[PDB]
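Protein chains: 2
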Amino acid sequence: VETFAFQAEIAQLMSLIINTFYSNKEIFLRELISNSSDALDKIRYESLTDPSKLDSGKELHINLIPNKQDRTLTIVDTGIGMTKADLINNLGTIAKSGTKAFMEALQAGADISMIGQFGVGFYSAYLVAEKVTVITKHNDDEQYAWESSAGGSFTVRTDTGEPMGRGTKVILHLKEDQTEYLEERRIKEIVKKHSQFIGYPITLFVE
Amino acid sequence: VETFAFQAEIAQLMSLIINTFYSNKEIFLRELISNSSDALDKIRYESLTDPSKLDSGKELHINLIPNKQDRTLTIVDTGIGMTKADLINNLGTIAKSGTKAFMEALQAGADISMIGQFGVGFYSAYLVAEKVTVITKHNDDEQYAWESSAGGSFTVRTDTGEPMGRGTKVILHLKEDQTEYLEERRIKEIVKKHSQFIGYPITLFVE
Ligand SMILES: COc1cc(Cc2nc3ccccc3c3nc(N)nn23)cc(OC)c1
Ligand SMILES: COc1cc(Cc2nc3ccccc3c3nc(N)nn23)cc(OC)c1
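As given, the protein sequences belong to chains A and A', one line each in that order. A prime marks a further copy of an entry chain.
Per the authors' numbering, residue 17 is the first one in the first sequence, and the count goes up by one each step.
Per the authors' numbering, residue 17 is the first one in the second sequence, and the count goes up by one each step.
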């Protein structure tokens with residue numbers, strides 16, 4: 017298990033998301049579904065010139081899985097997935113400029129719900145989750161687990177759980193007061209409101 | 017010069033865009049700027065693992081160029097650009113499913129401004145343009161010119177104009193009654209309203 021420090025700017029963003037009083041927390045779901053849709057778009061596009069890229073699974077979809085026993089909400093996609101280099105370096109590099117723009121927009125009167133316009137919507141997970149675990153598998157790379165409870169550090173290890181084929185599972189370990197996002201009614205409401213035209217099937221699992 | 021038929025579903029979409037009474041035409045600009053931003057995101061991401069991909073130009077930006085003598089508004093980006101296969105086959109293949117979803121959403125009460133949510137925002141160009149010409153250059157491929165005035169066909173040829181390095185120029189040959197989109201005031205207004213947080217510099221050229 018390897019431990020890494022977030023760049024100062026990302027740690028600062030995560031602290032803002034965790035500390036700022038902001039009641040409209042439900043937007044985390046739209047941001048993660050959007051991220052899944054983007055990853056699904058990428059593998060779909062790649063498959064048009066190299067069909068063998070779908071040997072790891074032809075189905076392009078999103079699953080939403082609540083688990084009350086674990087207090088987790090999991091967003092699963094069969095998108096392109098992420099490499100070790102994405103997890104350690106690439107995503108953070110891209111996120112630096114978006115974070116700067118977002119935090120400047122916030123000082124100028126924008127609000128947290130606009131986070132996705134800056135390409136850093138992933139971190140909105142911290143509105144509802146005390147810990148986020150990400151399991152991901154890219155073609156021609158190993159299955160990895162990324163994890164962070166904020167506090168300035170994240171970990172990456174090779175994952176030895178159930179093999180996933182290709183894609184990403186974002187596991188939200190929900191804060192004690194955020195268990196409404198395990199309720200079928202509440203998830204259905206939020207998907208209808210903010211994610212109604214996503215171009216891939218979204219299946220909400222039942223407990 | 018090669019001439020191709022649009023798929024029936026795309027021709028149908030273009031006819032809907034051209035024929036439907038819909039006053040909120042200004043949204044074409046947001047859709048094309050969004051497309052440029054996406055292409056810029058792609059080359060930026062690629063460059064992180066292969067720096068030589070920016071040998072064709074390091075600057076990542078968007079230019080908006082009006083020309084009253086030609087009655088054109090040109091949207092230029094230094095994004096990843098498009099291949100011959102993109103222009104002839106790939107983009108149309110992806111667009112088929114999005115078109116179906118969009119046209120179904122329209123029958124259910126959605127409006128034309130939501131076109132971007134279905135990944136077919138490019139065709140919104142036909143709200144204001146009688147002809148659209150696209151000049152594009154991808155790394156390791158030739159510079160191409162795509163062109164269509166709708167009517168069910170488009171053309172692709174190798175471009176012999178000024179070499180562009182890398183990226184895409186979308187040239188909108190404006191309809192006679194749509195010359196307001198050449199006015200500096202009007203473009204500035206529209207960019208401020210719909211494209212205010214794009215993560216790349218947008219330069220509006222003056223005539
Ligand atoms: C900036 O930090 C991030 C951002 C993301 C969003 C993100 N980025 C990607 C980049 C390339 C290929 C696939 C994906 C991707 N798939 C999914 N589901 N999210 N996601 C995911 C993430 O997981 C640890 C960290
Ligand atoms: C569906 O039909 C389309 C769609 C587009 C949008 C589009 N698609 C891309 C795909 C891959 C790489 C770059 C781009 C791209 N750059 C830009 N500016 N638009 N654009 C552009 C287009 O130009 C002829 C036709």
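We treat Cβ as the ideally placed atom computed from N, Cα and C, and that holds for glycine.
Own chain, CB closer than 6 Å to A'/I187, minus 5 neighbours either side, in chain order:
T88, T90 and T149
Cα-Cα separation, A/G181 to A/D102:
18 Å
If distances are taken between C-alpha atoms only, which option among A'/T195, A'/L220, A'/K185 and A'/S164 comes closest to A'/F20?
A'/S164
Endpoints, the beta strand (DSSP E) within which A/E163 is located:
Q159 to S164
Going by CA-CA distance only, name the one from A'/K69, A'/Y160, A'/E178 and A'/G177 that's closest to A'/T171.
A'/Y160
Taking contact to mean at least 3 C-beta pairs separated by less than 8 Å, is the region 108–117 of chain A' in contact with the region 202–209 of chain A'?
no
For the beta strand (DSSP E) that contains A/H189, what are its first and last residues?
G183 to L190
Measuring CB to CB, does A/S169 end up less than 8 Å from A/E47?
no
Measure from the C-beta of A/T109 to each C-beta in chain A' and report whether the shortest distance is under 8 Å.
yes
Hey, would you say the C-beta of A'/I96 is under 7 Å away from at least one heavy atom of ligand 2?
yes
Taking all protein chains shown into account, decide if A'/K153 is buried (16 or more other Cβ within 10 angstroms of its Cβ) or exposed.
buried
At the 8 Å Cβ level, is A'/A121 part of the contact set with chain A, yes or no?
Closer than 8 Å to some Cβ of chain A, the Cβ of A'/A121 qualifies, so yes.
Selection from A/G215, A/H77, A/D156 and A/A145 that minimises the alpha carbon distance to A/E196
A/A145
What three-state label does DSSP hand A/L76 in the structure shown?
Note: A/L76 maps to coil in three-state DSSP.
Using the three-state DSSP reduction, which class does A'/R87 fall into: helix, strand or coil?
Residue state, collapsed to three classes: coil.
Less than 8 Å between C-beta atoms, sequence neighbours within five positions excluded: which residues of the same chain meet that for A/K69?
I59, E62, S63 and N155
I'd like to check one pair, A'/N51 with A'/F134: are the Cβ atoms closer than 8 Å?
Taking 8 Å as the cut-off, the Cβ atoms of A'/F134 and A'/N51 do not count as close.
Through-space distance from A'/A117 to A'/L32, alpha-carbon basis:
One C-alpha to the other measures close to 14 Å.
Considering just the uninterrupted stretch of the alpha helix (DSSP H) at A'/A111, what are its terminal residues?
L107 to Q123
What residue range is occupied by the uninterrupted beta strand (DSSP E) comprising A/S169?
Start and end: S169 to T174.
Anticipated Cβ contact below 8 Å, A/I78 with A/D93, distance rounded:
5 Å
Exposed or buried, what is A'/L56 when buried is set at 16 or more other beta-carbons lying within 10 Å of its beta-carbon?
buried
Return yes when the C-beta of A/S63 is under 7 Å from any heavy atom of ligand 1, and no when it is not.
no
Against chain A, with Cβ distances strictly below 8 Å, would residue 16 of chain A' count as a contact?
Missing from the structure shown is residue 16 of chain A'; chain A' here goes from 17 to 223 and no further.
Under 8 Å between C-beta atoms of A/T99 and A/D175:
No, the pair does not count as a contact, with Cβ atoms beyond the cut-off.
Simplified DSSP assignment, three categories, for A/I218:
strand
In this structure, how does DSSP classify A'/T94 when only helix, strand and coil are distinguished?
coil
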